[PDB]
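Working notes, beginning with the structure itself.
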There are 2 protein chains.
Amino acid sequence: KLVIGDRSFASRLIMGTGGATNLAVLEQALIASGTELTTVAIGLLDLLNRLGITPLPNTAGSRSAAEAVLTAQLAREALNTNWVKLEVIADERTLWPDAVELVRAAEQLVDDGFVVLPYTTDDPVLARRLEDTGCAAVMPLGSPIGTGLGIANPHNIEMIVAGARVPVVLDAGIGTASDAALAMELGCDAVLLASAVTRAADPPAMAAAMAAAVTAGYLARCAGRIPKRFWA
Amino acid sequence: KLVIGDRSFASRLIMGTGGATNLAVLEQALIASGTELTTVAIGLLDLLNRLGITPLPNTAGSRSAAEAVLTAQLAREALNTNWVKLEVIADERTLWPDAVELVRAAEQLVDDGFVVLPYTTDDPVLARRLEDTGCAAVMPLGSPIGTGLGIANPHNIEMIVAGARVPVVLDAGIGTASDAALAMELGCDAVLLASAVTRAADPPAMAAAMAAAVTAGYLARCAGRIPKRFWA
Ligand SMILES: CC(=O)[C@@H](O)[C@H](O)COP(=O)(O)O
Ligand SMILES: CC(=O)[C@@H](O)[C@H](O)COP(=O)(O)O
């Protein structure tokens with residue numbers, strides 16, 4: 001099973017709610033995804049409560065460590081959870097992580113008793129630093145948020161998996177089911193996605209597709225695939 | 001649902017038995033795959049009968065139209081089915097189709113009342129010729145049999161899907177779950193595979209992975225994925 005912090009999860013698909021068009025369709029999509037853990041940018045909380053899904057407060061849009069830390073502290077007080085998806089962004093065109101401010105925020109939040117899940121790049125040194133800092137997982141992006149471009153650098157994901165001692169979550173840029181299966185085949189422990197489902201023409205169908213895709217890639221990873229060969 | 005010939009199938013995963021190491025593991029893998037249709041090279045038939053799976057006799061190893069036609073006629077008489085997976089191979093290094101002899105065999109077998117499912121290349125003119133001949137599906141290879149290389153030419157698969165009026169089955173070269181999901185995302189109606197499961201370290205786990213992968217890619221195809229964009 002997937003173990004992060006003090007929790008064991010039956011599903012390796014972590015949903016985000018970014019892009020959600022309306023609560024009734026989001027409800028159907030969350031049920032179809034089978035998720036147990038859903039990120040919410042600090043109606044929606046009530047919905048997660050009614051569905052039995054654990055909220056994961058996220059510091060989306062934070063531009064500095066100070067801003068992220070303060071956002072997380074307000075959420076912990078209001079929502080009674082010490083889990084946080086830590087997002088510190090340098091740029092609005094790219095929604096690219098600010099690595100310097102990310103590590104500073106993670107240090108502060110780990111020292112303050114949070115279970116920290118950081119949105120990070122595919123840099124393997126930065127992933128080892130976030131793990132050494134005390135993050136409960138590391139979540140390298142596949143491609144920038146909302147682009148649907150899939151896993152741009154499978155080799156760096158494999159490098160992060162090789163050097164990790166906490167779960168590795170592929171966390172941004174998924175566009176379709178084969179991308180999520182590939183993440184698991186590369187050795188990720190989980191996939192976090194939002195746009196591919198919330199902006200699909202049929203979000204509940206795409207959520208069911210991603211639940212199946214994460215299962216498919218995890219089973220294929222475990223089952224020992226055949227080698228590639230040049231001749232038949 | 002998937003309709004081929006006079007049949008409607010609840011599963012879009014078609015299993016092959018090539019590479020099977022022993023009948024007891026093959027049984028567990030066929031159950032886990034959820035398949036309704038399994039190819040058998042002309043014990044094993046009894047197993048398909050006990051599982052409720054429809055056999056698809058195949059002319060594997062045939063090197064000429066005459067050899068394939070004769071093999072199919074013997075199978076129809078012995079097995080009481082007019083369905084056939086038509087395979088005519090030019091080369092043992094490549095197991096590459098012989099297009100000339102394939103079309104000749106398909107003409108003869110369609111004229112003799114068979115439901116013909118041809119193993120073909122990714123040539124879009126040859127796929128239109130096999131459909132015009134009267135084949136009940138066309139089954140373009142992803143990569144050569146048993147290589148595990150996946151879908152070598154997604155653009156030609158998309159060309160075949162665009163110009164087809166019978167189901168398109170991706171039929172060879174699958175290596176892992178994301179390959180089968182991709183086939184469905186490109187618009188194939190079904191996936192046929194054998195080696196990726198029968199030669200996996202854990203064939204029943206890999207069969208469950210492929211059932212999930214085919215479901216995942218079909219739902220993603222139907223659900224209207226997000227466009228790719230350069231900036232977040
Ligand atoms: C929690 C995080 O802020 C994500 O939900 C982000 O939206 C995911 O990226 P995609 O939208 O590209 O899946
Ligand atoms: C029926 C046909 O002859 C196949 O079963 C072939 O074995 C499939 O190719 P893969 O083994 O590469 O899936």
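Order of listing sets the numbers, starting from 1, for every ligand and every atom in it. Excluded from the calculations below are hydrogen atoms, water molecules and symmetry mates; all remaining heavy atoms, backbone and side chain alike, are included. Labels below follow one simple rule: chain letters A, B, ... track the order of the sequence lines, proteins then strands, and each chain is numbered from 1.
Two residues are said to be in side-chain contact when any heavy atoms from C-beta on lie closer than 4.5 Å; B:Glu36 and B:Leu2 fail this criterion. Between A:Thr198 and A:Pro203 there is no side-chain heavy-atom pair separated by less than 4.5 Å. Residues A:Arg225 and A:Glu185 have side chains not in contact (no heavy-atom distance under 4.5 Å, counting atoms from C-beta outward).
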*Which is it for A:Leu109 and A:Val69 under the side-chain contact (heavy atoms from CB on, under 4.5 Å) test, yes or no, and what are the steps along the way?*
CA-CA 7 Å; A:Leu109 296 170; A:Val69 171; 4.1 Å; yes
*Step-by-step side-chain contact (heavy atoms from CB on, under 4.5 Å) determination, A:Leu170 to A:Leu186*: CA-CA 10 Å; A:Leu170 195 297; A:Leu186 297 171; over 6 Å; no
_Using the rule given for side-chain contact (heavy atoms from CB on, under 4.5 Å), can you reason through B:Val166 versus B:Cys135, listing the C-alpha separation, both sets of side-chain angles and the distance that settles it, and then say yes or no?_
CA-CA 8 Å; B:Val166 294; B:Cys135 292; over 6 Å; no
Which pairs of nitrogen or oxygen atoms, taken one from ligand 2 and one from the protein, are under 3.5 angstrom apart?
{"from": "ligand 2", "atom 1": "3 (O)", "to": "B:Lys85", "atom 2": "NZ", "distance (Å)": "2.2"}
{"from": "ligand 2", "atom 1": "3 (O)", "to": "B:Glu87", "atom 2": "OE1", "distance (Å)": "3.0"}
{"from": "ligand 2", "atom 1": "11 (O)", "to": "B:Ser195", "atom 2": "N", "distance (Å)": "3.0"}
{"from": "ligand 2", "atom 1": "11 (O)", "to": "B:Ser195", "atom 2": "OG", "distance (Å)": "2.6"}
{"from": "ligand 2", "atom 1": "12 (O)", "to": "B:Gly146", "atom 2": "N", "distance (Å)": "2.8"}
{"from": "ligand 2", "atom 1": "12 (O)", "to": "B:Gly173", "atom 2": "N", "distance (Å)": "3.0"}
{"from": "ligand 2", "atom 1": "13 (O)", "to": "B:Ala194", "atom 2": "N", "distance (Å)": "2.9"}

